[PDB]
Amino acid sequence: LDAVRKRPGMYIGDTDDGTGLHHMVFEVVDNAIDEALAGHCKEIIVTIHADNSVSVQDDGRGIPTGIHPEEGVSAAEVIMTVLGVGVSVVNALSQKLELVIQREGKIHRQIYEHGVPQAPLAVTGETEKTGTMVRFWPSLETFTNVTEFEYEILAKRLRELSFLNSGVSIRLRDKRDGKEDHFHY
């Protein structure tokens, strides 16, 4: 991931004018859409939190949790840490990232800081539901000037995606001012 950390702008886009900041959300949403497509309910929830983080949930199968035979770590960790530009870019440029996977009757959790896992992916409980959730806090060392998520930039792109991905429900929620939308074709 140091190649991404060296030149963030080349992977995510301009880190000063707000282009890169919002692309972080869109990269995560692309992965959530693929997961939503192969599930049953087919819904995604993008939430802007009051502390300037964004969470993207899907209700799909849950991304794979088993150990990757080559890398020797969880398959999820390989997705989050190894080089669509990839969510590993988003992880590398996030001062914190929380991963939650609901799969095969179990809830799995992992925390990253600047792309570095704080511990191995771990089973934290039981559940009937399935899906994946990523909440990330953009690194304020990387992202300058425009540091706050504008609602309408996200709403605009998610609207475009809802037409292209006709089977998927996309909800957008802003916890700062209570604004919300529901894009579905």
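Basically, rigid core = biggest C-alpha set you can superpose within 1.5 Å across the two forms. Throughout, we count residues from 1 along the sequence that is shown.
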If you line up the core and then measure how far each C-alpha sits from this form in 8 other deposited structures of this protein, which stretch comes out higher, 26-34 or 39-47? 39-47
Stretch with larger C-alpha RMS deviation in 8 other deposited structures of this protein, core superposed, 84-92 versus 98-106: 84-92
Select one of none, 1 to 3, 4 to 9, or 10 or more to describe the deposited residues without coordinates separating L83 and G84. 10 or more
Mean Cα B factor from the PDB record: higher for 39-47, or higher for 26-34? 39-47
Averaging the C-alpha temperature factors as deposited, the higher value of 172-180 versus 5-13 falls on 172-180
According to the deposited entry, which of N145, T124, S55, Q118 has the largest Cα B-factor? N145
Temperature factor at the Cα of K156, chain-ranked in thirds, falls in the middle
